[PDB]
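Q: File follows, data-v3.txt with compact mmCIF, C-alpha atoms and all ligand atoms:
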```
# COMPACT_ATOMS: atom_id res chain seq x y z
CA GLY A 1 173.82 83.78 80.26
CA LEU A 2 175.38 80.46 79.27
CA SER A 3 174.28 76.93 80.06
CA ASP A 4 176.57 74.43 81.73
CA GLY A 5 177.18 72.75 78.38
CA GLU A 6 178.09 76.05 76.76
CA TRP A 7 180.59 76.86 79.50
CA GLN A 8 182.07 73.39 79.00
CA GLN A 9 182.62 74.23 75.33
CA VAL A 10 184.20 77.57 76.23
CA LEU A 11 186.65 76.01 78.63
CA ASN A 12 187.45 73.24 76.16
CA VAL A 13 188.31 75.87 73.51
CA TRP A 14 190.35 77.76 76.10
CA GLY A 15 192.56 74.71 76.55
CA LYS A 16 193.76 75.28 73.00
CA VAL A 17 194.74 78.83 73.95
CA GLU A 18 196.50 77.78 77.17
CA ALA A 19 198.79 75.41 75.25
CA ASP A 20 200.39 78.46 73.60
CA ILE A 21 199.16 81.61 75.34
CA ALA A 22 201.88 83.86 73.97
CA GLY A 23 201.41 82.73 70.36
CA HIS A 24 197.64 83.17 70.53
CA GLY A 25 197.99 86.51 72.30
CA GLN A 26 200.47 87.77 69.73
CA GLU A 27 198.20 86.83 66.84
CA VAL A 28 195.10 88.34 68.46
CA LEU A 29 196.87 91.67 68.88
CA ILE A 30 198.31 91.60 65.36
CA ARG A 31 194.85 90.89 63.94
CA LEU A 32 193.45 93.79 65.99
CA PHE A 33 196.18 96.27 65.03
CA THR A 34 196.33 95.44 61.32
CA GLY A 35 192.57 95.20 60.87
CA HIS A 36 191.80 98.34 62.90
CA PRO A 37 194.89 100.58 62.87
CA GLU A 38 193.20 103.21 65.04
CA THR A 39 193.52 100.71 67.92
CA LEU A 40 197.32 100.92 67.74
CA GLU A 41 197.10 104.63 68.63
CA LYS A 42 195.83 103.75 72.11
CA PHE A 43 199.16 102.03 72.93
CA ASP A 44 201.95 104.49 73.50
CA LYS A 45 204.31 101.50 73.69
CA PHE A 46 203.27 100.03 70.32
CA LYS A 47 202.57 103.11 68.18
CA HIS A 48 206.15 102.94 66.88
CA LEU A 49 205.29 99.68 65.12
CA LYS A 50 204.78 100.52 61.48
CA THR A 51 204.81 97.11 59.78
CA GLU A 52 203.42 93.73 60.69
CA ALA A 53 206.96 92.33 60.53
CA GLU A 54 207.93 94.72 63.34
CA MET A 55 204.81 93.62 65.21
CA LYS A 56 205.73 89.94 64.78
CA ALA A 57 209.29 90.58 65.93
CA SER A 58 208.24 92.55 69.03
CA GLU A 59 208.78 90.56 72.19
CA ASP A 60 206.97 93.21 74.22
CA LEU A 61 203.88 92.76 72.04
CA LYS A 62 203.93 89.04 72.76
CA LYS A 63 204.34 89.87 76.45
CA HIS A 64 201.28 92.09 76.37
CA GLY A 65 199.33 89.39 74.54
CA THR A 66 200.10 87.09 77.46
CA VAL A 67 198.85 89.69 79.96
CA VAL A 68 195.60 90.21 78.02
CA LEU A 69 194.78 86.56 77.48
CA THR A 70 195.74 85.58 81.04
CA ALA A 71 193.24 88.14 82.32
CA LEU A 72 190.52 86.97 79.93
CA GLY A 73 191.11 83.33 80.84
CA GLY A 74 190.75 84.13 84.51
CA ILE A 75 187.41 85.81 83.78
CA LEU A 76 186.14 82.95 81.59
CA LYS A 77 186.98 80.37 84.26
CA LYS A 78 184.50 82.12 86.56
CA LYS A 79 181.62 81.04 84.27
CA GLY A 80 179.92 84.41 84.55
CA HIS A 81 180.59 85.06 88.25
CA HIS A 82 183.24 87.61 87.39
CA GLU A 83 182.16 90.89 89.03
CA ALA A 84 185.35 91.22 91.12
CA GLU A 85 187.64 90.39 88.19
CA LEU A 86 185.79 92.54 85.65
CA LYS A 87 185.30 95.74 87.68
CA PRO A 88 188.99 96.84 87.73
CA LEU A 89 189.38 96.15 84.01
CA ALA A 90 186.23 98.10 83.17
CA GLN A 91 187.46 100.96 85.33
CA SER A 92 190.98 101.05 83.93
CA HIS A 93 189.78 100.78 80.34
CA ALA A 94 187.21 103.56 80.70
CA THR A 95 189.14 105.99 82.88
CA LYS A 96 192.83 105.49 82.15
CA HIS A 97 193.15 103.86 78.72
CA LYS A 98 189.96 105.38 77.26
CA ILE A 99 189.05 102.34 75.18
CA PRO A 100 185.63 102.60 73.49
CA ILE A 101 183.40 99.54 73.72
CA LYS A 102 183.65 99.27 69.93
CA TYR A 103 187.29 98.19 70.33
CA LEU A 104 186.20 95.39 72.66
CA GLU A 105 183.89 94.22 69.88
CA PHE A 106 186.86 94.32 67.50
CA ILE A 107 189.04 92.18 69.78
CA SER A 108 186.21 89.73 70.37
CA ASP A 109 185.86 89.12 66.66
CA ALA A 110 189.66 88.91 66.37
CA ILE A 111 189.74 86.08 68.92
CA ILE A 112 187.24 84.12 66.81
CA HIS A 113 189.30 84.78 63.69
CA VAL A 114 192.55 83.61 65.30
CA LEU A 115 190.96 80.43 66.63
CA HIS A 116 189.86 79.44 63.14
CA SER A 117 193.24 80.41 61.69
CA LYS A 118 195.30 78.37 64.17
CA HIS A 119 192.87 75.44 64.49
CA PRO A 120 191.17 75.12 61.08
CA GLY A 121 188.58 72.38 61.14
CA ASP A 122 188.99 72.01 64.91
CA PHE A 123 186.83 74.97 66.04
CA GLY A 124 183.34 73.65 65.47
CA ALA A 125 180.05 75.45 65.10
CA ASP A 126 178.99 74.67 68.66
CA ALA A 127 182.32 75.85 70.05
CA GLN A 128 182.10 79.09 68.09
CA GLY A 129 178.57 79.67 69.36
CA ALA A 130 179.62 79.21 72.98
CA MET A 131 182.78 81.30 72.70
CA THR A 132 180.88 84.11 71.02
CA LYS A 133 178.27 84.14 73.78
CA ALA A 134 180.99 84.23 76.44
CA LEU A 135 182.71 87.21 74.79
CA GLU A 136 179.35 88.94 74.43
CA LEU A 137 178.67 88.50 78.14
CA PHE A 138 182.11 89.90 78.98
CA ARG A 139 181.52 92.91 76.70
CA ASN A 140 177.99 93.47 78.01
CA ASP A 141 179.08 93.54 81.63
CA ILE A 142 181.87 95.98 80.73
CA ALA A 143 179.29 98.10 78.87
CA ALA A 144 177.17 98.32 82.02
CA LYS A 145 180.13 99.71 83.96
CA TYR A 146 180.93 102.11 81.11
CA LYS A 147 177.35 103.44 81.31
CA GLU A 148 177.64 103.94 85.06
CA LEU A 149 180.78 106.03 84.42
CA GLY A 150 179.26 107.93 81.50
CA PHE A 151 182.11 106.83 79.26
CA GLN A 152 181.68 106.77 75.51
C1 LIG B 201 189.86 90.79 75.92
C2 LIG B 201 189.88 92.10 76.19
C3 LIG B 201 190.96 92.72 76.99
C4 LIG B 201 191.54 92.35 78.19
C5 LIG B 201 191.18 91.13 79.03
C6 LIG B 201 192.48 93.34 78.53
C7 LIG B 201 193.31 93.23 79.66
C8 LIG B 201 194.26 94.18 80.02
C9 LIG B 201 195.10 94.11 81.17
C10 LIG B 201 195.08 92.98 82.18
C11 LIG B 201 195.86 95.22 81.16
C12 LIG B 201 196.86 95.63 82.21
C13 LIG B 201 196.20 96.13 83.50
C14 LIG B 201 195.29 97.30 83.26
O1 LIG B 201 195.81 98.37 82.87
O2 LIG B 201 194.08 97.22 83.59
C15 LIG B 201 195.61 95.91 79.93
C16 LIG B 201 196.25 97.09 79.55
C17 LIG B 201 195.85 97.82 78.45
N1 LIG B 201 194.74 97.59 77.68
FE1 LIG B 201 193.53 96.11 77.74
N2 LIG B 201 192.43 94.33 77.62
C18 LIG B 201 191.53 94.05 76.66
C19 LIG B 201 191.22 94.76 75.48
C20 LIG B 201 191.86 95.92 75.08
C21 LIG B 201 191.64 96.64 73.88
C22 LIG B 201 190.61 96.32 72.82
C23 LIG B 201 192.51 97.71 73.89
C24 LIG B 201 192.70 98.81 72.91
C25 LIG B 201 192.37 98.77 71.63
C26 LIG B 201 193.21 97.67 75.13
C27 LIG B 201 194.10 98.62 75.52
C28 LIG B 201 194.86 98.51 76.67
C29 LIG B 201 195.97 99.44 76.91
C30 LIG B 201 196.24 100.75 76.17
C31 LIG B 201 196.61 99.00 78.00
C32 LIG B 201 197.82 99.64 78.65
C33 LIG B 201 199.10 99.05 78.05
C34 LIG B 201 200.34 99.63 78.67
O3 LIG B 201 200.76 100.74 78.28
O4 LIG B 201 201.10 98.92 79.35
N3 LIG B 201 192.74 96.61 75.88
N4 LIG B 201 194.52 95.32 79.30
```
What's the structure tokens form of this structure?

A:
Amino acid sequence: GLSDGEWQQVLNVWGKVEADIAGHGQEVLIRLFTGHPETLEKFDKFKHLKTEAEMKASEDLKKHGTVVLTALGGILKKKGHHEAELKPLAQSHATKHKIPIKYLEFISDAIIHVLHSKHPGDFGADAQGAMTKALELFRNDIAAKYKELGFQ
């Protein structure tokens, strides 16, 4: 649960992402894959990537970063009223991709890391607080659907 002022911060931060969605999406995925190499094994289409240089050169990885962040941005713009948008993603990630909730924690922290890396000094303490709460809400509502499905 976020206040109106917290949502305003979230959507202000998101404007930084929307100026370069592919560059942010690429870096989020690279941070996820290099920090937590077990996550790469869930992607049949990226498991061939052995080095970060190959990851950086991969246009398909940048494409997938765009898909991921476009979906997250659509959810965030709902300011918590995201049941219809979140349900299919929860279902696909539990039943088809088999993504443990832990990996959603990993990517949440990676988003925070990338924002500080690309906007040093321009991602303030209030903005970090609001973004973190928004990603926690997203993860918590996914977790509820995972529990319904019995997925661990
Ligand atoms: C911010 C969180 C994330 C969002 C919004 C997101 C969004 C999406 C979307 C929109 C798709 C394509 C449609 C679908 O299959 O449902 C996708 C595919 C996928 N997601 Fe996620 N995702 C997230 C986190 C993750 C994480 C943490 C992993 C694994 C570590 C992951 C693994 C996958 C995989 C394996 C695919 C299929 C890729 C393919 O082969 O084309 N997702 N995701």

Q: Once you count all atoms listed in the file, what closest atom pair and distance in Å to one decimal does each residue of chain A within 7 Å of ligand LIG 201 (chain B) have, with rows by chain and rising residue number, as JSON lines?

A:
```
{"residue": "A:39", "atom": "CA", "partner": "B:LIG201", "partner_atom": "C25", "distance": 4.3}
{"residue": "A:40", "atom": "CA", "partner": "B:LIG201", "partner_atom": "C25", "distance": 6.7}
{"residue": "A:42", "atom": "CA", "partner": "B:LIG201", "partner_atom": "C30", "distance": 5.1}
{"residue": "A:43", "atom": "CA", "partner": "B:LIG201", "partner_atom": "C30", "distance": 4.5}
{"residue": "A:44", "atom": "CA", "partner": "B:LIG201", "partner_atom": "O3", "distance": 6.2}
{"residue": "A:45", "atom": "CA", "partner": "B:LIG201", "partner_atom": "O3", "distance": 5.9}
{"residue": "A:67", "atom": "CA", "partner": "B:LIG201", "partner_atom": "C10", "distance": 5.5}
{"residue": "A:68", "atom": "CA", "partner": "B:LIG201", "partner_atom": "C7", "distance": 4.1}
{"residue": "A:69", "atom": "CA", "partner": "B:LIG201", "partner_atom": "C5", "distance": 6.0}
{"residue": "A:71", "atom": "CA", "partner": "B:LIG201", "partner_atom": "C5", "distance": 4.9}
{"residue": "A:72", "atom": "CA", "partner": "B:LIG201", "partner_atom": "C5", "distance": 4.3}
{"residue": "A:88", "atom": "CA", "partner": "B:LIG201", "partner_atom": "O2", "distance": 6.6}
{"residue": "A:89", "atom": "CA", "partner": "B:LIG201", "partner_atom": "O2", "distance": 4.8}
{"residue": "A:92", "atom": "CA", "partner": "B:LIG201", "partner_atom": "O2", "distance": 4.9}
{"residue": "A:93", "atom": "CA", "partner": "B:LIG201", "partner_atom": "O2", "distance": 6.5}
{"residue": "A:97", "atom": "CA", "partner": "B:LIG201", "partner_atom": "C30", "distance": 5.1}
{"residue": "A:99", "atom": "CA", "partner": "B:LIG201", "partner_atom": "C24", "distance": 5.6}
{"residue": "A:103", "atom": "CA", "partner": "B:LIG201", "partner_atom": "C22", "distance": 4.6}
{"residue": "A:104", "atom": "CA", "partner": "B:LIG201", "partner_atom": "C22", "distance": 4.5}
{"residue": "A:106", "atom": "CA", "partner": "B:LIG201", "partner_atom": "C22", "distance": 6.8}
{"residue": "A:107", "atom": "CA", "partner": "B:LIG201", "partner_atom": "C22", "distance": 5.4}
{"residue": "A:108", "atom": "CA", "partner": "B:LIG201", "partner_atom": "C1", "distance": 6.7}
```

Q: In Å, rounded to a single decimal, give me how far atom CA of residue 74 of chain A is from atom CA of residue 135 of chain A.

A: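 Between atom CA of residue 135 of chain A and atom CA of residue 74 of chain A the gap is 13.0 Å.
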
Q: Quick one: residues within 10 Å of residue 31 of chain A, all atoms listed in the file, excluding same-chain residues fewer than 3 positions away - as number ranges by chain?

A: A: 25-28, 34-37, 52, 106-107, 109-111, 113-114

Q: Residues near residue 100 of chain A, anyone? I mean within 9 Å using all atoms listed in the file, not counting same-chain ones fewer than 5 positions away, as an mmCIF file with C-alpha atoms, keeping the file's coordinate frame.

A:
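Just written: around.cif:
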```
data_model
loop_
_atom_site.group_PDB
_atom_site.id
_atom_site.type_symbol
_atom_site.label_atom_id
_atom_site.label_comp_id
_atom_site.auth_asym_id
_atom_site.auth_seq_id
_atom_site.Cartn_x
_atom_site.Cartn_y
_atom_site.Cartn_z
ATOM 1 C CA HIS A 93 189.780 100.780 80.340
ATOM 2 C CA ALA A 94 187.210 103.560 80.700
ATOM 3 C CA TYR A 146 180.930 102.110 81.110
ATOM 4 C CA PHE A 151 182.110 106.830 79.260
ATOM 5 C CA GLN A 152 181.680 106.770 75.510
#
```

Q: Which of these, A:145, A:79, A:96, A:63, has the shortest distance to residue 29 of chain A once you count all atoms listed in the file?

A: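 Under the stated criterion, the closest residue is A:63.
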
Q: Point out the residue among A:115, A:2, A:32, A:101 with the least atom-to-atom distance to residue 20 of chain A, counting all atoms listed in the file.

A: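 Among the listed residues, A:115 lies closest to residue 20 of chain A.
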
Q: Around (179.2, 73.3, 75.4) in the file's frame, which residues reach within 10 Å when counting all atoms listed in the file? Return as a compact mmCIF listing (two decimals) with C-alpha atoms, in the frame of the given file?

A:
```
# COMPACT_ATOMS: atom_id res chain seq x y z
CA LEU A 2 175.38 80.46 79.27
CA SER A 3 174.28 76.93 80.06
CA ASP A 4 176.57 74.43 81.73
CA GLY A 5 177.18 72.75 78.38
CA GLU A 6 178.09 76.05 76.76
CA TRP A 7 180.59 76.86 79.50
CA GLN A 8 182.07 73.39 79.00
CA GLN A 9 182.62 74.23 75.33
CA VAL A 10 184.20 77.57 76.23
CA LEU A 11 186.65 76.01 78.63
CA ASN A 12 187.45 73.24 76.16
CA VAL A 13 188.31 75.87 73.51
CA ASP A 126 178.99 74.67 68.66
CA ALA A 127 182.32 75.85 70.05
CA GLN A 128 182.10 79.09 68.09
CA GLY A 129 178.57 79.67 69.36
CA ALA A 130 179.62 79.21 72.98
CA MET A 131 182.78 81.30 72.70
```

Q: Take atom CA of residue 102 of chain A and atom CA of residue 142 of chain A and report the distance between them in Å, one decimal.

A: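 Rounded to one decimal, the two atoms are 11.4 Å apart.
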
Q: Using all atoms listed in the file, which of the listed residues (A:30, A:15, A:124, A:66) sits closest to residue 51 of chain A?

A: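 Among the listed residues, A:30 lies closest to residue 51 of chain A.
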
Q: Atom CA of residue 14 of chain A and atom CA of residue 73 of chain A, how far apart in Å?

A: 7.4 Å

Q: I'd like to know which of A:76, A:22, A:41, A:82 is closest to residue 59 of chain A, using all atoms listed in the file.

A: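 Checking each of A:76, A:22, A:41, A:82 against residue 59 of chain A, counting all atoms listed in the file, the winner is A:22.
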
Q: Find the residue from A:18, A:141, A:38, A:105 that sits nearest to residue 85 of chain A; use only C-alpha atoms when measuring.

A: A:141

Q: Just want the 10 Å neighbourhood of residue 49 of chain A, counted on only C-alpha atoms, with same-chain residues fewer than 4 positions away dropped. Output as a list in words.

A: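 Counting only the stated atoms, we get residues 33, 40, 45, 53, 54, 55, 56, 57, 58 and 61 of chain A.
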
Q: Point out the residue among A:16, A:78, A:21, A:1 with the least atom-to-atom distance to residue 119 of chain A, counting all atoms listed in the file.

A: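 Selected residue with least distance to residue 119 of chain A: A:16.
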